[PDB]
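Working notes, beginning with the structure itself.
Positions of Cβ are backbone-derived with ideal geometry, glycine not excepted, and every protein chain shown enters the neighbour counts. Each reported figure results from applying straightforward, stated rules to the coordinates on display, with no laboratory input.
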Amino acid sequence: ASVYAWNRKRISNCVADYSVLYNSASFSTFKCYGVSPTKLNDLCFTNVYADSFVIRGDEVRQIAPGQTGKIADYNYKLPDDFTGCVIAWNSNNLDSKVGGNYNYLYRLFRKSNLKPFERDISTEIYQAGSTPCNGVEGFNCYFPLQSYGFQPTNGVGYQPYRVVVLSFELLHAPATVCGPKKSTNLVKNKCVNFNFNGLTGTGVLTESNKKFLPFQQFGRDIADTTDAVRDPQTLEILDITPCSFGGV
Amino acid sequence: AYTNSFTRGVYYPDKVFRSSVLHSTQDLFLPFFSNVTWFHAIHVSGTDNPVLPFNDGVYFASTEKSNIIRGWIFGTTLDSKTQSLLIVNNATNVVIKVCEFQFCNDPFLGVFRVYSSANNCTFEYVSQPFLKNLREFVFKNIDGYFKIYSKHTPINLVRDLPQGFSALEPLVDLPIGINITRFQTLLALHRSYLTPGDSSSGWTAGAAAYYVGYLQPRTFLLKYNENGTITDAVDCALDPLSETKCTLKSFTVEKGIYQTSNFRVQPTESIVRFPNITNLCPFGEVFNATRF
Amino acid sequence: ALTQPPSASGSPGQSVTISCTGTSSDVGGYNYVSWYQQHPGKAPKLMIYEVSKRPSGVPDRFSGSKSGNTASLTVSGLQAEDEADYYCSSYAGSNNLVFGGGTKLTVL
Amino acid sequence: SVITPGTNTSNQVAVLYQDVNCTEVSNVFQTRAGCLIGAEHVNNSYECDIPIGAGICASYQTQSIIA
Amino acid sequence: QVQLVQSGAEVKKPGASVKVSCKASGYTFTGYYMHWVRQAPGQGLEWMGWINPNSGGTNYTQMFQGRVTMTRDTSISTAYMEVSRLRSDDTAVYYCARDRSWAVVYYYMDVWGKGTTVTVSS
Ligand SMILES: *[C@@H]1O[C@H](CO)[C@@H](O[C@@H]2O[C@H](CO)[C@@H](O[C@@H]3O[C@H](CO)[C@@H](O)[C@H](O)[C@@H]3O)[C@H](O)[C@H]2NC(C)=O)[C@H](O)[C@H]1NC(C)=O
Ligand SMILES: *[C@@H]1O[C@H](CO)[C@@H](O[C@@H]2O[C@H](CO)[C@@H](O)[C@H](O)[C@H]2NC(C)=O)[C@H](O)[C@H]1NC(C)=O
Ligand SMILES: *[C@@H]1O[C@H](CO)[C@@H](O[C@@H]2O[C@H](CO)[C@@H](O)[C@H](O)[C@@H]2O)[C@H](O)[C@H]1NC(C)=O
Ligand SMILES: *[C@@H]1O[C@H](CO)[C@@H](O)[C@H](O)[C@H]1NC(C)=O
Ligand SMILES: *[C@@H]1O[C@H](CO)[C@@H](O)[C@H](O)[C@H]1NC(C)=O
Ligand SMILES: *[C@@H]1O[C@H](CO)[C@@H](O)[C@H](O)[C@H]1NC(C)=O
Ligand SMILES: *[C@@H]1O[C@H](CO)[C@@H](O)[C@H](O)[C@H]1NC(C)=O
Ligand SMILES: *[C@@H]1O[C@H](CO)[C@@H](O)[C@H](O)[C@H]1NC(C)=O
Ligand SMILES: *[C@@H]1O[C@H](CO)[C@@H](O)[C@H](O)[C@H]1NC(C)=O
Ligand SMILES: *[C@@H]1O[C@H](CO)[C@@H](O)[C@H](O)[C@H]1NC(C)=O
């Protein structure tokens, strides 16, 4: 899709193998934010939004928090506290055609700067600065969209760069998306490191005597300590009390 | 008409078990004792079922054995141009569809799927249906997740919202992000016309009665009991006593004086005051000099 | 249409001018006055795109500026290269653009 | 600050805006500590049930909140 | 090289139709607007209308609205001007022109095609 009305997929309820991406040499920029590139396969994510657009080559630096520019303000704005990773690679031989390519267009004039993650399909003509324009482009009201016109003879800064941005928040369970890991058997009554669906901690696990409501993925005691969790494999409720410690 | 909300409309916010804990929650709850726009929706006379806004997510309830409330529709403009949602809660299954469909002048089922005229939908969902009985719902549309909460309690036929307390259990999370600003409920007699142009013809359905509120961002002090279910709540913005209850994180404020918040006068207006200088700086000279 | 004087005269190395009698009610209000130099038999080119701005490649010896209602383009130190027709144009208030009649530069 | 005679006694509450003139926001009594809104001024004098400041204390009239 | 290649000349019967085509080269076809202006062989120059290759929005003068239409072809990087009835007043050389401005609809005509001559017969 073009940079206006960028395609968004809501990736959820699957195991995500990130190892095929961050070790793949096909990508030009793999600048992640708020997460290490090599730790992506070892984490569980609440919801993963995958965006996709094609932009001009010199404009790939604008897709980053806090930047400014036409793409950054009128087409696609990342928030100031963005977490995720931005993936881009050159696509001059797939997105550009001989004599030109015109399926890719970008918004050039807008009355106001976009909110983060906003999407503006509105092709209504630009503000006049004068008497308003009924429906006709000209002299005050311009067409807000504009095609790059990608050509194979253009420089690397003008070549069509195909960009994918993965936006995803990393709270605890219920994590719909997590990386690949061999789930193993349950070890009760021992001081055991656990990774329950993204909920990570160290403690002993006891068969719980408390009754969860059928929606609660885990529980907490007073002062926000995670006292209980339900098993993602067999739906048993397990109490987590800390491993025994004390001064000697 | 209008009745008050007493204490109704609280729900489990975050799917986390707590027991014997007064947890201070901030979410789009129904503010206590607000007005709800109760409807004589039978509309044998007085053409009909109205379309209501969805300002920040709403609260819905009904009290009828006729079971005429059979679903809801949603959308930004409820037309074929923009996105929409249909929910139908027929006796077999719920069919939750995001379609950007073309809706009726006055929607109906008459089971016959009359409500949608043309469909090239994108998202669908089927699960178990929703069946003096008092149903309750809240519909939160936050950050791409459409959240429906539910509870139905055999109320004592008070012809309004009862003064009792009930916590809405979360029921369905829809992972669809569609801009929703208006909704309309769906009524269905067991047989009537399937023409999408009628308003007050075809059949006479049973007696109908439902409610609508609006959720506001409010702080709440939710009282989870021993078993882990909510039995009481305190709305921190309703009353200075309730604000004191939220400040102390306790449900019984004792004899004494208690500081509860800080009062500061917001500025009424903003003024800008510069001298009479109007001549412009010669940036036009220094940036357009013929030689440096 | 735009009223316009038909001709101007001179000799190579002199200074002459050509004027455009637009109406201040409709023509001069939205200015944007563009002058074009047209030899016979070939396409013309812009010679003052705004009311006073030359395009790239235009010699500096050509000057112009609106003056009240009328607009005028002047040629200083001309030669055999400047024997051409010259046309006035403007916005004319809405998308319906108008041109002038077209004066003819002549050198004795 | 609120004045509460106890939750299980009554739900009546009078508020006290410290160091505020009552020009900016049923009974509005201007104490020497601030705007005491909701309390009823009484010319009598008793023991100090709930202290307020500058020699004014509040109690439960029984039925009403007095200052 | 930013020269626009206009089509060849044509001769048409009176009252019949004719279409002229100007092919872009060098510059980006989408963007820069394309105005259509006519020059009678005797005198003057008149403006008809423009189409933008960016969006295909068209405007026309009043003298030609409802009797002459325009269209674009981004596949061949060319824009077409169509005349429905070749009246004897319209036997003229038709010129296509770019605009100086990037993507706004102003009127600053820089580069002009060689011009396809049109003739009304008898
Ligand atoms: C230094 O000289 C330059 C050269 O003229 C000045 O810049 C140019 O100023 C004109 C007149 O305002 C600008 O044209 C206008 O642009 C706006 C868009 O911002 C448009 O809406 C108007 O219709 C008009 O076309 C022009 O853009 C501008 N820049 C150029 C030519 O690159 C400049 O103002 C002078 N002073 C300084 C401090 O630079
Ligand atoms: C070209 O632009 C002009 C300028 O707005 C348009 O003229 C207006 O058109 C509307 C359409 O109904 C009329 O109501 C106005 O009265 C017109 N104004 C003037 C001053 O004529 C014109 O329609 C446009 N043409 C095209 C083909 O888009
Ligand atoms: C362009 O301007 C027209 C006239 O100024 C608008 O037409 C109007 O149309 C209504 C009914 O269609 C008439 O009742 C009214 O008198 C007027 O003629 C037209 O709507 C407007 N177009 C847009 C897109 O705003
Ligand atoms: C997951 O698989 C195991 C073995 O295949 C099975 O015992 C367990 O019940 C499954 N979990 C769920 C939630 O179905
Ligand atoms: C939702 O749609 C309405 C009507 O199209 C629009 O006015 C509103 O701004 C939209 N809201 C969002 C958040 O896009
Ligand atoms: C529905 O069809 C219209 C054209 O009739 C199309 O523009 C729109 O994208 C379609 N919506 C879908 C497939 O969700
Ligand atoms: C908790 O639930 C059990 C079984 O439903 C019930 O016996 C018990 O009384 C409940 N406890 C409280 C405090 O309501
Ligand atoms: C109210 O609270 C006081 C303070 O603890 C107590 O002495 C009194 O018995 C209570 N009265 C009732 C009716 O609960
Ligand atoms: C409060 O302000 C009003 C208005 O200026 C004044 O008349 C009054 O005396 C003030 N009271 C106190 C206690 O300052
Ligand atoms: C209290 O004293 C004031 C001031 O002297 C007087 O105006 C008022 O009437 C008195 N009220 C009572 C109940 O004595």
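Quick check on the exposure proxy: order B:58, A:192 from fewest to most C-beta atoms within 10 angstrom.
On the way: B:58 24, A:192 15.
In order of increasing Cβ crowding within 10 Å: A:192, B:58.
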Under the rule of at least 5 residues apart or a separate chain, name every residue whose amide H is placed under 5 Å from the amide H of residue B:237. B:219
Roughly how far apart, in whole Å, are the Cα centres of region B:202-247 and region E:88-122? 71
From the Cα centre of region B:37-99 to that of region B:161-187, the distance in Å is 11
Using the Cα centre as the reference, give the magnitude of the dipole from point charges on the C-beta atoms of chain A (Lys, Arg: +1; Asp, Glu: -1; all else neutral), rounded to the nearest 20 debye. 320
Which order results if B:255, A:181 are arranged by neighbouring Cβ count within 10 Å, fewest first? A:181, B:255
Could you line up A:187, A:164 from fewest to most neighbouring Cβ atoms inside 10 Å? A:187, A:164
Within the protein assembly as shown, helix-based [θ] at 222 nm, where runs of 4 or more DSSP H residues each add -39,500 (n - 2.57), nearest 500: -500 deg cm²/dmol
Given a Förster distance of 30 Å, the FRET efficiency implied by the Cβ-Cβ spacing of residue A:182 and residue B:171, rounded to the nearest 0.05, works out to 0.35
Cα gyration tensor, the protein assembly as shown - rounded (a/c under 1.5), prolate or oblate: prolate
Give, as a single signed number, the net charge of other residues whose beta carbon lies under 15 Å from the beta carbon of residue E:77, with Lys and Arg counted +1 and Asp and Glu -1. +3
Starting at the first residue of region B:148-156, write each ³J(HN,Hα) from the Karplus equation 6.51 cos²θ - 1.76 cosθ + 1.60 with θ = phi - 60°, in whole Hz, x for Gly and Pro. 10, 10, 8, 5, 9, 10, x, 5, 8
What residues qualify as long-range amide H neighbours of residue B:95, i.e. H under 5 Å apart, gap of 5 or more or another chain, H built at 1.01 Å from N? B:88, B:90
Which whole number gives the average count of other chain Cβ atoms within 10 Å of the Cβ atoms across peptide A:201-212? 1
Built amide H within the under 5 Å cut-off of residue B:9, gap 5+: B:166
Given unit charges at Cβ for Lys, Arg (+) and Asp, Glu (-), the dipole magnitude of region A:1-91 about its Cα centre in debye, nearest 20, is 160
Projected onto the charge dipole of chain B (+1 at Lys/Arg Cβ, -1 at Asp/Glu Cβ, origin at the Cα centre), which of B:164, B:219, B:240 gives the Cα projection farthest towards the positive end? B:164
May I ask for the distance between the Cα centers of region A:155-187 and region A:120-145, given as a whole number of Å? 40
Packing-based order for B:118-125, A:41-48, using average beta carbon neighbours within 10 Å, highest first: A:41-48, B:118-125
Any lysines with Cα under 20 Å of the residue B:249 Cα? List them, leaving off those in the same chain fewer than 8 positions away. B:223
Mind checking the mean number of beta-carbon atoms from other chains within 10 Å of the Cβ atoms in B:249-256? 5
Sort chain B into rounded, prolate or oblate with this rule: let a ≥ b ≥ c be the square roots of the eigenvalues of the Cα gyration tensor; rounded if a/c is under 1.5, and if a/c is not under 1.5, prolate when a/b is larger than b/c, oblate otherwise. oblate
